[PDB]
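Report on the following structure.
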Amino acid sequence: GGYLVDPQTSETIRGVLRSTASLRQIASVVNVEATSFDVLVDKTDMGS
Amino acid sequence: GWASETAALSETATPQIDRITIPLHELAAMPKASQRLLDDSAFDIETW
């Protein structure tokens, strides 16, 4: 008598939720099509 | 023959024929190139 009823599963299988705050929100992302990227900074300044 | 005026020209030969079978092998090379290189190595590596 127990065989003739099957349990109802959930409609989408779910997972443990984890945080998405990821520092990509605040840093500067750039589109690059190369093996690398360079940035060029002024580690000092001039004279007067 | 150089057949005469009244010669009654008989049979003559017909050349025997040889068949040579070109086997037609294949010649295959397989270089291994990487997806990081092909996306980022602006020279056209496929046609290269």
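Read-outs: derived from the displayed coordinates by stated rules, not from any lab. Note: ideal-geometry Cβ built from the backbone for every residue, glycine included; neighbour counts use all protein chains shown.
What the table shows:
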read-out: Neighbour cut-off at most 13 other Cβ (10 Å), DSSP loop, trypsin sites (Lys or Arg not before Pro), chain B; value: B:19, B:32
read-out: Relative compactness, chain A, computed as alpha-carbon Rg over 2.2 N^0.38 Å; value: 2.83
read-out: Total charge dipole magnitude, chain A, about the Cα centre, Cβ charges on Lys, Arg, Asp, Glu only, Debye to nearest 20; value: 220 debye
read-out: Furthest towards positive pole of dipole, A:23, A:36, A:12, structure part chain A, Cβ charges; value: A:12
read-out: Kirkwood hydrodynamic radius over Cα pairs of chain B, then Stokes diffusion coefficient at 25 °C and 0.890 mPa s, in µm²/s; value: 134 µm²/s
read-out: Unit charges on C-beta of K, R, D, E only; dipole of chain B, Debye; value: 180 debye
read-out: Residue B:42 paired with residue B:20, simple spin-label distance in nm, labels 7 Å along Cα-to-beta-carbon; value: 5.2 nm
read-out: Rg/Rh for the protein assembly as shown, where both radii come from Cα atoms and Rh is the Kirkwood radius; value: 1.55
read-out: Simple label model, 7 Å out from Cα along Cβ direction - residue A:8 to residue B:12, nm; value: 10.2 nm
